[PDB]
A.B. asks: 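Quick one: structure below, then a few questions.
Each chain gets a letter, A, B and so on, in the order the sequences are listed, and its residues count up from 1. Read the numbers this way: they start at 1 and go in the same order the structure lists the ligands and their atoms.
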Amino acid sequence: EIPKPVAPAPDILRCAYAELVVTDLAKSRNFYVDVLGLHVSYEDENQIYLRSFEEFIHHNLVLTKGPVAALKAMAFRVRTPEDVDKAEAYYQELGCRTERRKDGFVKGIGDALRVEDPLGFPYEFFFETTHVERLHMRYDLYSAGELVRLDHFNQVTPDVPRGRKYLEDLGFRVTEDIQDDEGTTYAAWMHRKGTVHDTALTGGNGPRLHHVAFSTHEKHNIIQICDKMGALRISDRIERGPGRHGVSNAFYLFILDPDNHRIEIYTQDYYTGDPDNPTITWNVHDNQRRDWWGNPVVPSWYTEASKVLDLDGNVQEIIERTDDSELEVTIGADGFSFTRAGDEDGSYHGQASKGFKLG
Amino acid sequence: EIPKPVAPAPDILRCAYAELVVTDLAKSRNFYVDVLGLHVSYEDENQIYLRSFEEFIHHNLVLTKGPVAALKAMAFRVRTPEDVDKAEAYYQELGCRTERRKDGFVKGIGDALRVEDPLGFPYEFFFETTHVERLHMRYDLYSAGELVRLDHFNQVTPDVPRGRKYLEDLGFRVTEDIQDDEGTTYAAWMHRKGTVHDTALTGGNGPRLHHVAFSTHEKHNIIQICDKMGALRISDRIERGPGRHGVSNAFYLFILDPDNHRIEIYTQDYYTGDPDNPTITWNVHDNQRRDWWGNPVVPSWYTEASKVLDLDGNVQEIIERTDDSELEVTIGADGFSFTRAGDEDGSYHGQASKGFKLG
Amino acid sequence: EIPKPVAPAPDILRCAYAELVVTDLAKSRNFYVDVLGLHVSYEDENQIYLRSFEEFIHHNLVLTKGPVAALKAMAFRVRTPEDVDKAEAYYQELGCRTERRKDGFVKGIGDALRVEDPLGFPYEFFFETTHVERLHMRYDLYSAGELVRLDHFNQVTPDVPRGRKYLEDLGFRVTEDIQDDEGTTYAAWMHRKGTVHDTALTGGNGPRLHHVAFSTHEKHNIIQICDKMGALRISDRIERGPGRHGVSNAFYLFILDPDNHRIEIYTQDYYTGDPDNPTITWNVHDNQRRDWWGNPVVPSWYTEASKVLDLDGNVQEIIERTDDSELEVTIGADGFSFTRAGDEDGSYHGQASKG
Amino acid sequence: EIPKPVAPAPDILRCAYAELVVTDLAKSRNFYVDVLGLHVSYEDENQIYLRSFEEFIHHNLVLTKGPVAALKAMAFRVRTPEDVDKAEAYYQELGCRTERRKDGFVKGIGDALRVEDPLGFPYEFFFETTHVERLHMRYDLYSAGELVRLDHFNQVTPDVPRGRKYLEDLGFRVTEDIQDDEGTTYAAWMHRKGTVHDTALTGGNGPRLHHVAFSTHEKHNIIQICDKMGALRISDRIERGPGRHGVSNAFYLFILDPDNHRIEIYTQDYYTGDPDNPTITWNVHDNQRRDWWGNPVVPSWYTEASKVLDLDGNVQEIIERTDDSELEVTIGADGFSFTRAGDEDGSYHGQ
Ligand SMILES: O=[N+]([O-])c1ccc(O)c(O)c1
Ligand SMILES: O=[N+]([O-])c1ccc(O)c(O)c1
Ligand SMILES: O=[N+]([O-])c1ccc(O)c(O)c1
Ligand SMILES: [Ca+2]
Ligand SMILES: [Cl-]
Ligand SMILES: [Fe+2]
Ligand SMILES: [Fe+2]
Ligand SMILES: [Fe+2]
Ligand SMILES: [Fe+2]
């Protein structure tokens with residue numbers, strides 16, 4: 001349905017940064033700097049520019065004060081200056097609105113293209129960026145919960161196959177997905193950089209941003225973030241986890257920022273860089289697909305996500321999903337999940353695993 | 001109202017082993033040896049004797065084939081042979097049924113006393129035991145989920161203060177407890193060996209055995225147990241966790257054996273051996289008391305526990321708790337819990353944390 | 001000095017496997033399978049095919065029984081079948097000897113090109129491989145010391161700049177190197193897959209294979225390999241480490257197999273896939289460059305390395321390095337190293353660090 | 001030959017703190033607070049009082065400014081107030097010089113006895129201490145290298161059997177030791193609290209303090225200390241390790257403070273609380289006894305240790321060991337070690 005352009009796709013390296021609009025800059029700074037330990041590249045009254053421990057580009061996260069909390073841009077770094085021109089030509093052929101600024105939208109980025117993509121998401125493509133001190137061996141700064149890299153984005157969109165085809169044409173390869181036996185796709189993960197993903201599509205009303213993910217070196221680092229949140233008496237901001245994912249095999253945690261933007265902390269997924277990397281499809285009823293240990297997925301994880309902005313800074317209208325809901329088919333009234341395919345024992349009918357039901 | 005005897009209490013070193021009755025020895029062997037990796041000290045068609053990686057006494061766990069799965073004995077090692085005689089005189093003065101075997105009740109234990117204690121529990125006291133090869137440096141055998149020590153037992157009993165007084169007279173010192181503002185005690189932890197506990201009392205219908213706990217060296221060892229259970233497609237036997245406890249500060253997991261006996265895997269609590277070790281009392285509505293990260297306690301954790309046997313091998317009758325239920329006051333339809341005392345933000349009314357209600 | 005071909009370079013994805021000739025297949029099996037826990041994809045009385053925990057291609061390591069212990073092939077996977085034709089045309093234009101087999105040289109590999117490259121190393125390029133069960137979630141098999149991926153090779157070669165230019169034309173990017181203030185290069189690391197390296201050049205007499213490196217998930221996994229080696233009373237096969245590397249920032253261990261083939265266990269380097277990834281150059285006298293904690297590098301690590309074979313299976317003649325020796329300039333009799341640049345305190349004259 | 005008093009021994013709970021004299025308080029503070037992340041219980045211009053993450057007593061370490069860097073006191077907590085009276089009567093009977101301060105020698109400690117013990121070491125015994133906030137769940141303060149408990153001391157003394165018997169009389173039990181076939185004891189580890197040790201005796205010239213040890217939760221915490229020292233470009237102050245010990249089975253690291261006091265960071269030894277805990281004896285020539293991975297023990301680890309003070313603050317005179325030297329019999333010119341007993345492959349001679 002989204003046609004393959006004749007113009008060549010830009011060569012995308014990786015997810016690079018997200019610009020999030022936040023309502024109280026000081027409160028958000030306390031979360032991202034004082035709680036999570038991200039490193040300040042620049043700040044003023046209106047914006048905070050943050051980077052992870054191993055990053056050498058100017059930032060992985062820009063926090064921009066505004067009236068309505070939202071994703072303003074998810075940004076991908078491209079291989080060459082010329083790929084920014086390629087991006088503009090490709091999205092113009094797709095019929096999308098685009099904006100080009102030769103000196104960047106945010107500080108520390110040069111020539112950049114922002115687009116309203118066909119799924120309603122504000123993507124940025126850039127090559128030029130101000131390099132900064134790469135802090136990877138600054139163990140004098142290293143925190144017990146240190147965030148070392150930006151890893152991925154996760155986007156909520158109503159029609160996953162439509163989005164998946166478009167991202168494949170753009171050069172992302174699907175590594176894993178969740179489907180059922182009736183033709184429905186609930187989620188797909190897709191990459192450029194050779195990890196399980198750079199972005200992912202989650203079926204639901206959208207466009208909305210599900211989360212931004214940062215990695216740690218080790219599992220104990222994620223444990224420490226939880227432990228610190230308990231010490232700060234903000235354990236109510238731990239949404240889900242910690243856990244082992246089935247999809248991706250990573251150890252993970254989901255937490256919520258002061259504007260309810262969801263952040264994932266993630267570690268130890270696998271290499272996907274080979275072009276015939278085997279695609280893994282999980283059945284939506286498999287209770288080990290999202291949490292390998294079977295722990296239930298809280299309903300807010302399926303229903304809540306961040307607004308996204310258009311190029312004018314207005315909120316994008318939400319389009320309802322008409323395909324089946326993962327929540328409904330797994331933990332809802334008519335839901336079903338299994339631990340062992342075909343075994344009634346360890347199965348759940350109309351409720352979540354481990355003795356819980358939907359609140 | 002359990003009187004303090006005139007006879008001197010035995011000097012108790014530590015929890016040493018449990019004897020659990022199991023209905024299918026081979027299935028229980030698969031769980032304890034093949035899944036959990038405990039080391040066999042002796043086995044035949046009737047029993048399997050198991051020890052942890054660091055142990056030098058003959059065993060920490062005896063699995064005994066029988067018709068009805070239950071706790072048959074929870075054993076404490078005493079400091080000298082003469083302390084077994086002290087235990088005998090002590091329980092005789094309490095008016096408890098005792099049985100003394102100069103030869104032992106199980107293999108690898110010598111002179112031993114079993115008693116039906118005033119809370120209905122089968123306690124064993126012994127000094128003499130057959131030493132075995134201490135495996136602590138056998139890294140050729142070490143598994144990714146290695147269980148290194150037996151840490152503690154946890155007992156369900158209807159009246160926590162009655163039991164705690166009796167354990168205090170036996171020499172156990174309370175480290176932590178859970179109470180409400182109108183004077184109900186829900187749980188207490190108490191020790192002899194300088195950790196948070198050797199045994200613990202959980203308010204509920206009793207006598208029942210809540211769990212037996214083993215330690216690991218590190219937190220990743222507990223994560224591996226979960227990961228392994230997912231790979232074996234037995235994630236439905238992971239009851240609760242992993243997590244960080246509030247009480248004890250230990251990293252933990254609860255799993256269920258083939259007869260539903262609950263096993264805890266635990267690591268990294270703190271030193272309590274000083275006699276003025278500061279006690280910690282938690283409020284029952286504090287949602288960080290059990291899981292520090294605020295994750296909900298699954299209802300089965302509060303309701304399900306193993307039968308216990310009397311000295312004839314018959315199941316002890318259960319007495320109902322009349323004080324308030326922890327489940328009901330925290331996650332039940334009339335329950336409540338808080339993240340920050342006094343704050344409605346992050347508080348839960350009539351349901352569990354994180355968005356679940358009771359299934 | 002090695003010219004850049006007009007023919008396009010093959011698109012190389014990553015290092016994929018090594019073929020090692022070993023002299024006692026049973027002793028080598030005990031080391032790589034029983035001690036290190038690698039997984040057997042295939043075996044017979046002449047060869048063992050092994051793979052790491054997260055691999056889906058047929059193997060990462062082939063142990064081949066033979067009379068002389070040596071590297072027989074270092075193999076890189078290329079992006080398409082057509083890239084094996086590109087590699088062929090490229091090495092022909094370099095004037096290198098090549099051999100192409102549509103059915104592969106070893107089991108589980110299809111159409112493959114082997115070459116004696118300009119530095120005397122036996123390189124293999126392939127696309128086609130037999131997929132196997134990816135064991136990445138088989139935590140029922142997971143060892144406390146589990147090796148999860150093949151990470152890189154390290155090659156000993158007398159002239160590093162000469163080598164570096166050749167690998168860069170082949171599409172490898174230098175991420176880190178070791179130089180001095182007198183124009184000598186002692187080592188360079190270079191990548192395709194976006195980690196610090198897929199191969200590396202260590203200045204010394206060659207061609208010889210320094211080591212093959214496998215990864216673990218976490219640092220405790222490397223600690224366990226050491227602990228296990230102590231329990232098996234084979235701690236004498238631990239050569240160096242464990243440690244933190246300066247170059248790469250990875251946590252590491254060097255151990256020796258039964259034929260003295262050196263294996264590195266490695267974890268937690270950083271992302272290098274951006275094209276302007278900043279290059280890091282260490283000074284050869286910086287005593288934190290190889291072991292970040294300043295632990296001394298044992299002379300065997302500099303002097304010992306594996307023989308390599310040509311396409312006929314004969315040992316390649318060793319060419320002597322005439323540029324300065326990293327050993328001599330840092331820990332030899334007239335050696336020097338520093339902890340802090342310009343500070344006499346914490347410096348070492350004519351001896352290794354730490355006593 | 002140290003006679004056992006008739007007076008009963010105090011009941012010692014555990015090693016509790018050390019008082020180290022340091023020459024530059026600000027440099028020392030940098031090391032112990034900014035590098036190692038110990039928590040300040042009290043400070044002024046003459047002393048810094050520090051504690052570990054899980055401690056509730058006032059401190060584990062006192063840094064006192066003075067002209068000569070030395071150990072001033074190694075303090076053990078006793079079970080009751082009356083055990084301080086017992087310690088006084090005990091050491092008086094031993095013929096040792098003692099000093100009782102009913103209000104303590106350092107802040108945060110109450111009634112305390114200091115003694116010049118029969119091996120020349122300044123021991124303190126106290127019960128009363130000011131309790132402080134136990135930081136064990138303050139994960140907002142937790143460092144990647146966090147020191148969680150004080151674990152033990154290690155004393156260098158010339159005659160190990162002589163000091164071992166004295167410590168056994170005091171209620172310490174030996175858990176491990178190092179011996180040769182000829183009957184020489186080179187080291188012994190002994191405990192009260194149910195870990196491998198609260199103190200240890202190293203054969204060498206003494207009295208000198210070999211080290212004070214702190215524990216971490218996990219091995220990665222020790223790795224981080226090393227990584228941090230690399231980043232601060234003070235890797236020259238890493239003396240030995242990190243490693244797995246043979247004796248104790250603990251993961252370890254040894255580092256040097258600005259006055260060359262040696263600090264060990266230590267984790268994951270085993271339980272010794274049972275009275276028939278099996279004692280392990282290693283052969284001095286076994287190359288896995290000290291570092292299990294067979295890494296060499298740098299000679300400075302055997303020859304360097306801190307001076308100790310007497311009760312007047314003067315340096316205690318040193319007595320030179322006449323028994324065989326572990327350095328000499330293993331890495332000296334006529335020394336040797338093995339990986340596997342009886343096997344020349346993996347053995348080391350004069351090296
Ligand atoms: O916080 N609780 O759930 C606890 C704390 C420690 C335990 O050993 C336990 O079984 C429960
Ligand atoms: O710093 N060096 O010693 C290095 C760095 C990375 C390596 O993989 C290696 O084999 C050596
Ligand atoms: O094996 N040794 O070298 C040891 C073992 C334990 C220790 O605490 C120590 O300081 C030295
Ligand atoms: Ca269906
Ligand atoms: Cl998920
Ligand atoms: Fe994600
Ligand atoms: Fe427990
Ligand atoms: Fe390497
Ligand atoms: Fe020590």
A.B. asks: Under 3.5 Å, is there a donor-acceptor pair between the D:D227 and C:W293 side chains?
C.D. replies: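 Checked: D:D227/C:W293 side chains pair up, N/O donor to acceptor below 3.5 Å.
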A.B. asks: List every atom of ligand 1 that sits less than 4.0 Å from any heavy atom of B:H197, numbering the atoms from 1 in the order shown and giving each element.
C.D. replies: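 Every atom of ligand 1 under 4.0 Å from some heavy atom of B:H197: 7 (C), 8 (O).
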A.B. asks: In Å, rounded to the nearest 0.5 Å, how long is the span from SG of A:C226 to CG of B:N295?
C.D. replies: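 Reported value, rounded in 0.5 Å steps: 8.0 Å.
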A.B. asks: Within less than 2.8 Å, report the number of protein N/O/S atoms around the Fe ion (ligand 7).
C.D. replies: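 That number is 3, waters not included.
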A.B. asks: Checking C:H197 against C:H191: is there a side-chain donor and acceptor pair closer than 3.5 Å?
C.D. replies: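 The answer is no; no qualifying pair exists.
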A.B. asks: Can you tell which part of B:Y252 has a heavy atom less than 4.0 Å from ligand 1: side chain, backbone, both or neither?
C.D. replies: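 For B:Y252, there is no contact with ligand 1 at all, from either part.
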A.B. asks: Number the atoms of ligand 1 from 1 as they appear, then name those within less than 4.0 Å of a heavy atom of B:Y266, with their elements.
C.D. replies: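 In order of number, 8 (O).
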A.B. asks: List every atom of ligand 1 that sits less than 4.0 Å from any heavy atom of B:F254, numbering the atoms from 1 in the order shown and giving each element.
C.D. replies: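 Close to B:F254: 10 (O).
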A.B. asks: Report yes if B:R290 has an N/O atom closer than 3.5 Å to an N/O atom of ligand 1; otherwise report no.
C.D. replies: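 Yes - when backbone and side-chain N and O of B:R290 are compared with those of ligand 1, one distance drops under 3.5 Å.
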A.B. asks: For ligand 2, indicate whether the residue C:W189 contacts it via side chain, backbone, both or neither (heavy-atom separation under 4.0 Å).
C.D. replies: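 Looking at C:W189 and ligand 2, just side chain atoms fall under 4.0 Å.
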A.B. asks: Counting from 1, what ligand 1 atoms have a heavy atom of B:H152 closer than 4.0 Å?
C.D. replies: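 Here the atoms of ligand 1 in question are 8 (O).
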A.B. asks: Are C:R262 and C:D257 within salt-bridge range, i.e. N to O under 4.0 Å?
C.D. replies: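 Looking at C:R262 and C:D257, the cut-off is not met.
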A.B. asks: Could you find the nearest protein heavy atom to atom 5 (C) of ligand 2 and give me its residue, atom name and distance?
C.D. replies: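 Residue, atom and distance for the closest contact: C:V247 O, 3.3 Å.
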A.B. asks: Between B:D286 and A:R233, is the closest basic N to carboxylate O distance under 4.0 Å?
C.D. replies: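 A salt bridge links A:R233 with B:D286.
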A.B. asks: Should you measure from each heavy atom of C:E264, which atoms of ligand 2 turn up under 4.0 Å away?
C.D. replies: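 Contacts of ligand 2 toward C:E264, numbered from 1: 7 (C), 8 (O), 9 (C), 10 (O).
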A.B. asks: Whether the side chain of C:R290 engages the backbone of C:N287 through a donor-acceptor N/O pair (distance < 3.5 Å, no angle test) should be reported.
C.D. replies: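 Answer holds: no.
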A.B. asks: As an exercise, identify every atom of ligand 1 less than 4.0 angstrom from a heavy atom of B:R240.
C.D. replies: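 Listed by number with element: 3 (O).
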A.B. asks: Please state which part of B:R289 comes within less than 4.0 Å of ligand 1, counting heavy atoms only: side chain, backbone, both or neither.
C.D. replies: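 Just the backbone.
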A.B. asks: Is the NZ or CZ atom of B:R240 both under 6.0 Å from the centre of the six-membered ring of B:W301 and within 45° of that ring's axis?
C.D. replies: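 Yes, a cation-pi geometry holds between B:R240 and B:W301.
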A.B. asks: Quick check: C:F153 with C:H210 (ring centres under 6.0 Å apart)?
C.D. replies: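 Centroid distance C:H210-C:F153: not below 6.0 Å, so no.
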A.B. asks: Under 3.5 Å between any N/O of B:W301 and any N/O of ligand 1: does that happen in this structure?
C.D. replies: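 In this structure, B:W301 places no N or O atom under 3.5 Å from an N or O of ligand 1.
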A.B. asks: Verify whether the ring centers belonging to C:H211 and C:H152 lie closer than 6.0 Å.
C.D. replies: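 When the ring centroids of C:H211 and C:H152 are compared, they turn out to be within the sub-6.0 Å range.
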A.B. asks: Taking atom types as modelled, is there a side-chain donor on B:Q288 or B:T339 under 3.5 Å from an acceptor on the other?
C.D. replies: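 On atom types as modelled, these side chains do not qualify, holding no pair under 3.5 Å.
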A.B. asks: Can you tell whether the side chains of B:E176 and B:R289 come within less than 4.0 Å, N to carboxylate O?
C.D. replies: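 Salt bridge between B:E176 and B:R289, a charged N being under 4.0 Å from a carboxylate O: no.
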A.B. asks: Quick check on contacts: which atoms of ligand 1 are under 4.0 angstrom from a heavy atom of B:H211?
C.D. replies: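 The list of qualifying atoms is 10 (O).
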A.B. asks: Within the distance-only criterion (no hydrogens, no angle test), does the side chain of B:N60 pair as donor or acceptor with the backbone N or O of B:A16 below 3.5 angstrom?
C.D. replies: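 Yes.
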A.B. asks: Nearest heavy atom to atom 6 (C) of ligand 1: which of B:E326, B:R244, B:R262, B:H245 does it belong to?
C.D. replies: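 Considering heavy atoms of B:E326, B:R244, B:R262, B:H245, the nearest to atom 6 (C) of ligand 1 sits in B:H245.
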A.B. asks: Taking atom types as modelled and ignoring hydrogens, do the side chains of C:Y252 and C:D291 form a donor-acceptor contact shorter than 3.5 angstrom?
C.D. replies: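 The answer is yes; a qualifying pair exists.
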